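What follows is entry-v5.cif (mmCIF, N, CA and C atoms).
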```cif
data_query
loop_
_atom_site.label_atom_id
_atom_site.label_comp_id
_atom_site.auth_asym_id
_atom_site.auth_seq_id
_atom_site.Cartn_x
_atom_site.Cartn_y
_atom_site.Cartn_z
N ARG A 493 -75.98 -69.31 -123.82
CA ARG A 493 -76.08 -69.09 -125.26
C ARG A 493 -75.52 -67.71 -125.59
N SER A 494 -75.39 -67.44 -126.89
CA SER A 494 -74.81 -66.20 -127.36
C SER A 494 -75.82 -65.40 -128.17
N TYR A 495 -75.59 -64.09 -128.24
CA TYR A 495 -76.47 -63.17 -128.94
C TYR A 495 -76.01 -63.00 -130.38
N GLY A 496 -76.97 -63.03 -131.31
CA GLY A 496 -76.67 -62.80 -132.71
C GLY A 496 -76.83 -61.35 -133.11
N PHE A 497 -76.23 -60.44 -132.34
CA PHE A 497 -76.37 -59.02 -132.61
C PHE A 497 -75.90 -58.69 -134.02
N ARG A 498 -76.79 -58.10 -134.81
CA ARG A 498 -76.50 -57.69 -136.17
C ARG A 498 -77.15 -56.35 -136.43
N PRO A 499 -76.64 -55.58 -137.40
CA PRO A 499 -77.27 -54.29 -137.70
C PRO A 499 -78.65 -54.42 -138.34
N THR A 500 -78.92 -55.54 -139.02
CA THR A 500 -80.20 -55.72 -139.69
C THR A 500 -81.34 -56.00 -138.72
N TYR A 501 -81.04 -56.25 -137.44
CA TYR A 501 -82.08 -56.49 -136.47
C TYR A 501 -82.99 -55.27 -136.34
N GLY A 502 -84.16 -55.49 -135.75
CA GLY A 502 -85.11 -54.42 -135.52
C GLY A 502 -84.73 -53.57 -134.33
N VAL A 503 -85.74 -53.09 -133.59
CA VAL A 503 -85.49 -52.27 -132.40
C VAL A 503 -85.71 -53.04 -131.11
N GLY A 504 -86.25 -54.26 -131.17
CA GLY A 504 -86.50 -55.04 -129.98
C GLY A 504 -85.43 -56.09 -129.72
N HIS A 505 -84.67 -56.43 -130.75
CA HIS A 505 -83.61 -57.43 -130.64
C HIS A 505 -82.21 -56.84 -130.77
N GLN A 506 -82.10 -55.53 -130.95
CA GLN A 506 -80.79 -54.90 -131.06
C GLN A 506 -80.14 -54.77 -129.68
N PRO A 507 -78.83 -54.54 -129.64
CA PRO A 507 -78.14 -54.46 -128.34
C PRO A 507 -78.55 -53.21 -127.58
N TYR A 508 -78.94 -53.40 -126.32
CA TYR A 508 -79.34 -52.32 -125.43
C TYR A 508 -78.48 -52.38 -124.17
N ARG A 509 -77.79 -51.28 -123.87
CA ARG A 509 -76.98 -51.19 -122.66
C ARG A 509 -77.83 -50.66 -121.52
N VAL A 510 -77.83 -51.37 -120.40
CA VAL A 510 -78.64 -51.04 -119.24
C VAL A 510 -77.74 -51.00 -118.02
N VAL A 511 -77.80 -49.89 -117.29
CA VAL A 511 -77.08 -49.71 -116.04
C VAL A 511 -78.09 -49.53 -114.92
N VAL A 512 -77.69 -49.93 -113.72
CA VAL A 512 -78.53 -49.83 -112.53
C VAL A 512 -77.68 -49.24 -111.41
N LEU A 513 -78.09 -48.08 -110.90
CA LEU A 513 -77.44 -47.44 -109.77
C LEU A 513 -78.29 -47.70 -108.53
N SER A 514 -77.74 -48.47 -107.60
CA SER A 514 -78.42 -48.80 -106.35
C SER A 514 -77.74 -48.07 -105.20
N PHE A 515 -78.52 -47.32 -104.44
CA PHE A 515 -78.02 -46.51 -103.34
C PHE A 515 -78.10 -47.29 -102.04
N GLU A 516 -77.02 -47.23 -101.26
CA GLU A 516 -76.93 -47.91 -99.97
C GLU A 516 -76.80 -46.89 -98.85
N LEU A 517 -77.59 -47.08 -97.80
CA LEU A 517 -77.62 -46.17 -96.65
C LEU A 517 -77.37 -46.85 -95.31
N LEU A 518 -76.31 -47.66 -95.24
CA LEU A 518 -75.96 -48.34 -94.00
C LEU A 518 -75.75 -47.34 -92.87
N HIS A 519 -75.71 -47.86 -91.65
CA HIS A 519 -75.46 -47.01 -90.49
C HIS A 519 -74.11 -46.31 -90.57
N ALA A 520 -73.16 -46.84 -91.35
CA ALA A 520 -71.87 -46.22 -91.63
C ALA A 520 -72.05 -44.75 -92.10
N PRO A 521 -71.11 -43.86 -91.81
CA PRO A 521 -71.23 -42.46 -92.24
C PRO A 521 -71.24 -42.34 -93.75
N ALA A 522 -71.99 -41.36 -94.25
CA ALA A 522 -72.09 -41.15 -95.69
C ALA A 522 -70.82 -40.49 -96.21
N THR A 523 -70.30 -41.01 -97.33
CA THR A 523 -69.04 -40.56 -97.96
C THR A 523 -69.23 -40.04 -99.38
N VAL A 524 -70.43 -40.18 -99.96
CA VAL A 524 -70.70 -39.77 -101.34
C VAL A 524 -71.85 -38.77 -101.27
N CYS A 525 -71.54 -37.48 -101.16
CA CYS A 525 -72.56 -36.45 -101.09
C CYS A 525 -72.51 -35.53 -102.31
N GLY A 526 -73.73 -35.31 -102.84
CA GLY A 526 -73.91 -34.51 -104.07
C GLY A 526 -73.47 -33.08 -103.94
N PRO A 527 -73.39 -32.31 -105.04
CA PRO A 527 -72.82 -30.98 -104.98
C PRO A 527 -73.67 -29.85 -104.42
N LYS A 528 -73.08 -28.69 -104.11
CA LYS A 528 -73.87 -27.48 -103.72
C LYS A 528 -72.99 -26.24 -103.80
N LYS A 529 -73.53 -25.03 -104.02
CA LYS A 529 -72.74 -23.77 -103.89
C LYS A 529 -73.44 -22.52 -104.42
N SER A 530 -73.06 -21.32 -103.97
CA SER A 530 -73.52 -20.01 -104.50
C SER A 530 -72.31 -19.13 -104.34
N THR A 531 -72.37 -17.82 -104.59
CA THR A 531 -71.13 -17.01 -104.63
C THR A 531 -71.30 -15.53 -104.36
N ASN A 532 -71.35 -15.13 -103.10
CA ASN A 532 -71.28 -13.69 -102.75
C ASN A 532 -70.45 -13.62 -101.48
N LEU A 533 -69.51 -12.69 -101.38
CA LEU A 533 -68.67 -12.49 -100.18
C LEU A 533 -69.08 -11.10 -99.74
N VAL A 534 -70.38 -10.87 -99.73
CA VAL A 534 -70.91 -9.52 -99.46
C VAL A 534 -70.21 -8.91 -98.24
N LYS A 535 -69.80 -7.63 -98.29
CA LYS A 535 -69.26 -6.93 -97.10
C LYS A 535 -70.13 -5.75 -96.66
N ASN A 536 -69.78 -5.06 -95.58
CA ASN A 536 -70.40 -3.84 -95.05
C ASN A 536 -71.92 -3.91 -95.11
N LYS A 537 -72.47 -5.11 -94.91
CA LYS A 537 -73.91 -5.32 -94.91
C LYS A 537 -74.20 -6.67 -94.27
N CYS A 538 -75.09 -6.68 -93.28
CA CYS A 538 -75.41 -7.92 -92.59
C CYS A 538 -76.30 -8.79 -93.47
N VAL A 539 -75.81 -9.98 -93.79
CA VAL A 539 -76.53 -10.95 -94.61
C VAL A 539 -76.51 -12.29 -93.89
N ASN A 540 -77.19 -13.27 -94.48
CA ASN A 540 -77.26 -14.62 -93.94
C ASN A 540 -76.15 -15.47 -94.55
N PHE A 541 -75.22 -15.91 -93.72
CA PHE A 541 -74.10 -16.73 -94.16
C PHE A 541 -74.30 -18.17 -93.70
N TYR B 200 -65.95 -43.46 -86.53
CA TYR B 200 -65.33 -42.23 -87.09
C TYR B 200 -63.86 -42.26 -86.70
N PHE B 201 -62.96 -42.16 -87.66
CA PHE B 201 -61.50 -42.33 -87.43
C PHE B 201 -60.87 -41.29 -86.52
N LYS B 202 -59.60 -41.48 -86.13
CA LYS B 202 -58.84 -40.41 -85.45
C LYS B 202 -57.35 -40.73 -85.43
N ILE B 203 -56.52 -39.76 -85.79
CA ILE B 203 -55.05 -39.90 -85.79
C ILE B 203 -54.52 -38.47 -85.68
N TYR B 204 -53.37 -38.24 -85.05
CA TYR B 204 -52.74 -36.94 -84.85
C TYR B 204 -51.22 -37.03 -84.94
N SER B 205 -50.54 -35.94 -85.28
CA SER B 205 -49.07 -35.89 -85.23
C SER B 205 -48.50 -34.49 -85.04
N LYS B 206 -47.24 -34.41 -84.60
CA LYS B 206 -46.42 -33.19 -84.48
C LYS B 206 -44.94 -33.58 -84.39
N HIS B 207 -44.06 -32.77 -84.96
CA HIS B 207 -42.62 -33.03 -85.03
C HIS B 207 -41.82 -31.87 -84.43
N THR B 208 -40.82 -32.14 -83.59
CA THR B 208 -40.02 -31.09 -82.92
C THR B 208 -38.55 -31.48 -82.68
N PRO B 209 -37.60 -30.48 -82.72
CA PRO B 209 -36.21 -30.74 -82.38
C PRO B 209 -35.96 -30.71 -80.87
N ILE B 210 -35.69 -31.88 -80.28
CA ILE B 210 -35.41 -31.96 -78.82
C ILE B 210 -34.11 -31.20 -78.54
N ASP B 215 -35.99 -38.55 -75.79
CA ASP B 215 -36.99 -38.60 -74.74
C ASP B 215 -37.90 -37.37 -74.79
N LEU B 216 -38.95 -37.39 -73.98
CA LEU B 216 -39.89 -36.27 -73.94
C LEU B 216 -39.31 -35.14 -73.09
N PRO B 217 -39.12 -33.95 -73.65
CA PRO B 217 -38.58 -32.83 -72.88
C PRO B 217 -39.65 -32.24 -71.97
N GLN B 218 -39.27 -31.17 -71.27
CA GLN B 218 -40.16 -30.47 -70.36
C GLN B 218 -40.92 -29.33 -71.04
N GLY B 219 -40.83 -29.22 -72.36
CA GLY B 219 -41.51 -28.17 -73.09
C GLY B 219 -42.97 -28.48 -73.34
N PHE B 220 -43.61 -27.60 -74.10
CA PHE B 220 -45.02 -27.73 -74.45
C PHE B 220 -45.18 -27.62 -75.96
N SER B 221 -45.95 -28.54 -76.55
CA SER B 221 -46.40 -28.52 -77.96
C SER B 221 -47.68 -29.35 -78.16
N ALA B 222 -48.54 -28.99 -79.11
CA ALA B 222 -49.83 -29.65 -79.35
C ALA B 222 -49.87 -30.49 -80.64
N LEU B 223 -50.47 -31.67 -80.57
CA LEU B 223 -50.69 -32.62 -81.66
C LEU B 223 -51.86 -32.18 -82.55
N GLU B 224 -51.76 -32.38 -83.87
CA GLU B 224 -52.74 -31.89 -84.85
C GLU B 224 -53.36 -33.04 -85.66
N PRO B 225 -54.68 -33.05 -85.91
CA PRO B 225 -55.34 -34.15 -86.62
C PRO B 225 -54.95 -34.16 -88.10
N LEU B 226 -54.73 -35.35 -88.66
CA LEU B 226 -53.85 -35.51 -89.82
C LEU B 226 -54.49 -36.07 -91.11
N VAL B 227 -55.64 -36.73 -91.04
CA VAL B 227 -56.24 -37.42 -92.20
C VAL B 227 -57.77 -37.21 -92.28
N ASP B 228 -58.52 -38.02 -93.04
CA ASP B 228 -59.98 -37.97 -93.20
C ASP B 228 -60.54 -39.37 -93.59
N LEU B 229 -60.82 -40.23 -92.60
CA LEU B 229 -60.88 -41.70 -92.78
C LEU B 229 -62.14 -42.42 -92.24
N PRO B 230 -63.37 -41.87 -92.29
CA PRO B 230 -64.51 -42.40 -91.53
C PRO B 230 -64.90 -43.85 -91.89
N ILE B 231 -64.51 -44.83 -91.07
CA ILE B 231 -64.66 -46.27 -91.31
C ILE B 231 -65.05 -47.04 -90.05
N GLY B 232 -66.09 -47.85 -90.12
CA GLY B 232 -66.60 -48.61 -88.98
C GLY B 232 -65.70 -49.77 -88.58
N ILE B 233 -64.87 -49.57 -87.56
CA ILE B 233 -64.06 -50.62 -86.94
C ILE B 233 -64.10 -50.49 -85.40
N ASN B 234 -64.41 -51.61 -84.74
CA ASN B 234 -64.11 -51.93 -83.34
C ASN B 234 -62.60 -52.15 -83.20
N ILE B 235 -61.84 -51.08 -83.40
CA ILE B 235 -60.38 -51.12 -83.37
C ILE B 235 -59.98 -51.51 -81.95
N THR B 236 -59.37 -52.68 -81.83
CA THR B 236 -58.75 -53.14 -80.59
C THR B 236 -57.33 -53.65 -80.83
N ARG B 237 -56.71 -53.28 -81.95
CA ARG B 237 -55.37 -53.74 -82.28
C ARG B 237 -54.44 -52.55 -82.51
N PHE B 238 -53.14 -52.75 -82.34
CA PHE B 238 -52.13 -51.74 -82.66
C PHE B 238 -50.79 -52.42 -82.96
N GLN B 239 -50.18 -52.10 -84.10
CA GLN B 239 -48.96 -52.75 -84.56
C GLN B 239 -47.98 -51.71 -85.06
N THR B 240 -46.73 -51.84 -84.63
CA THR B 240 -45.64 -51.00 -85.11
C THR B 240 -44.85 -51.73 -86.19
N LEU B 241 -44.44 -50.99 -87.21
CA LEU B 241 -43.76 -51.55 -88.37
C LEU B 241 -42.41 -50.86 -88.54
N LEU B 242 -41.33 -51.61 -88.33
CA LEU B 242 -39.98 -51.09 -88.39
C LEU B 242 -39.38 -51.35 -89.78
N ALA B 243 -38.11 -51.00 -89.93
CA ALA B 243 -37.40 -51.17 -91.19
C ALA B 243 -35.99 -51.67 -90.92
N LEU B 244 -35.54 -52.64 -91.71
CA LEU B 244 -34.19 -53.17 -91.58
C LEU B 244 -33.66 -53.51 -92.97
N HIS B 245 -32.36 -53.82 -93.02
CA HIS B 245 -31.69 -54.14 -94.27
C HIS B 245 -31.23 -55.59 -94.38
N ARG B 246 -31.54 -56.43 -93.39
CA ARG B 246 -31.15 -57.84 -93.46
C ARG B 246 -31.95 -58.58 -94.53
N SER B 247 -33.04 -57.97 -94.99
CA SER B 247 -33.88 -58.51 -96.06
C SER B 247 -34.45 -59.88 -95.71
N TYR B 248 -35.24 -59.95 -94.63
CA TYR B 248 -35.98 -61.15 -94.28
C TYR B 248 -37.31 -61.13 -95.03
#
```

Mind converting the file's structure to structure tokens?
Amino acid sequence: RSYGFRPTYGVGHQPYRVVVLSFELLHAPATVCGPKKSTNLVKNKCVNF
Amino acid sequence: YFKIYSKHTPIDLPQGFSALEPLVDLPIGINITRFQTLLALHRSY
């Protein structure tokens, strides 16, 4: 069947876009890794690199 | 985990020395047991 989407509808029958992100962790190596970073090239002083 | 290497030189294999360098970034699960060479011709088959 088809949806009768109209502007006069309320809030329960109006069009709602829904996305689902499902994460997969197979034994295969991971290729999608989230971001990271900071920024000091400190010199003449022993720091943790 | 993939692996491929290459190097190019101006000379059969000579008696000189040179080292091959890793070339891509391809981590894919394959029980690779095949190898195929692909040539080029102009007969247009």

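For the file shown, the residue list from the PyMOL selection byres ((chain B) within 8 of (chain A)) reads residues 200, 230, 231 and 232 of chain B.
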
The selected residues should be written to file as a short mmCIF file (atom, residue, chain, number, x, y, z; two decimals), in the frame of the given file (atoms: N, CA and C atoms).
```cif
data_model
loop_
_atom_site.label_atom_id
_atom_site.label_comp_id
_atom_site.auth_asym_id
_atom_site.auth_seq_id
_atom_site.Cartn_x
_atom_site.Cartn_y
_atom_site.Cartn_z
N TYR B 200 -65.95 -43.46 -86.53
CA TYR B 200 -65.33 -42.23 -87.09
C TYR B 200 -63.86 -42.26 -86.70
N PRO B 230 -63.37 -41.87 -92.29
CA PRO B 230 -64.51 -42.40 -91.53
C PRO B 230 -64.90 -43.85 -91.89
N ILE B 231 -64.51 -44.83 -91.07
CA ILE B 231 -64.66 -46.27 -91.31
C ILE B 231 -65.05 -47.04 -90.05
N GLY B 232 -66.09 -47.85 -90.12
CA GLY B 232 -66.60 -48.61 -88.98
C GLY B 232 -65.70 -49.77 -88.58
#
```

For this session: Between atom C of residue 204 (chain B) and atom C of residue 227 (chain B), measure the distance and give it in Å to one decimal.
Result: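 So the two atoms, atom C of residue 204 (chain B) and atom C of residue 227 (chain B), lie 9.8 Å apart.
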
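Distance-wise, CA of residue 210 (chain B) and atom N of residue 244 (chain B) end up 24.4 Å apart.
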
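Here atom C of residue 502 (chain A) stands at a distance of 29.1 Å from CA of residue 514 (chain A).
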
Exercise. When the PyMOL selection byres ((chain B and resi 205) around 6.5) is applied to the file above, which residues end up in the set, as a VMD selection string?
Worked result: chain B and resid 203 to 204 206 to 207 222 to 226

Problem set entry | Picked from chain B by DSSP as strand (DSSP E), as a VMD selection string | chain B and resid 204 to 205 224 to 225
